[PDB]
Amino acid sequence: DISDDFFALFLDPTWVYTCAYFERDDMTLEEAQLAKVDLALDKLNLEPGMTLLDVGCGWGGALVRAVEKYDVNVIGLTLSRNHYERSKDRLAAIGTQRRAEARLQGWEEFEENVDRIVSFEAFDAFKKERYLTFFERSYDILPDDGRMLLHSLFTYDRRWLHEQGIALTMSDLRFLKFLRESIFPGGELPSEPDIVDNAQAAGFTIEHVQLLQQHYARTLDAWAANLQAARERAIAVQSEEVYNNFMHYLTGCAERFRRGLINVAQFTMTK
């Protein structure tokens, strides 16, 4: 796949690779990623010593933030070995008496009780045949007053787009195919009902939905600006083909968030 050394060229030091939250207009990318993590974690009412599960933990930035700021025990799951390795190393380098572990393990295999769950843009990598199963499992491992913050992309169909004044162009269709044909997220996104209806069928209440559509446009712009500024190094680490593909993905996604063709939101999920 793609080396960490490539992503290092355009991500901030948290390594967070999901929609940031520019809670103040003048935050840096790193401040906005920490703000996004805190925005989610604040909704979980974490007390020191609870155990937080991060489903799809990436390179571990949210787990690290959870330990440092919220003083919780943490378990992170990922299917990526590179994500696991960096999460493992970063968590072991935190000085904490709490338990902090990363695992190369799917949520499908995880059955331990935890106090709270967070997940940032893992849900779109799940097969649609697992949407309900995911919420059922999440419900089962939470306590009676547990909470889950699901941060997920989602898409709109033609009918909804049109009522909002938006059309899918021939270009957008080719872009979707480009996303599916390469190694990028966004080709098989859930609908909002896919999230909400399956979560409710599993027993969750949707307490709050916070849309972050334009924050993702800004996030993607920043990643693209960073990658372009490091173009020579990116080509050296991977290739010009990969570099141009990533720039197409970053700028193309940014355009479509700005246009409103897709969205991203934090769903506060209670029992």
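Residues carry their position along the shown sequence, with the first being 1.
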Point to revise | Selected stretch [higher average CA B-factor]: 114 to 122 or 191 to 199 | key: 191 to 199
Check your understanding: On average, which has the higher Cα B-factor in the deposited entry, 171 to 179 or 124 to 132?
Key -> 171 to 179
Review point. Per the PDB entry, which option out of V74, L161, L150, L77 has the greatest Cα B factor?
Key: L161
**Study point:** CA B-factor placement of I2, once the chain's modelled residues are sorted into thirds
**Key:** highest
Check your understanding: If you rank the chain by CA B-factor, which third does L29 end up in: lowest, middle or highest?
Key -> middle
Revision key, fill the gap. Sorting the chain's modelled residues by C-alpha B-factor and splitting them into thirds places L261 in the middle
Check your understanding: Among the chain's modelled residues, which third holds the C-alpha B-factor of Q214?
Key -> middle
Study note, to complete from the structure: Here the Cα B-factor of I206, set against its chain, lands in the third termed highest
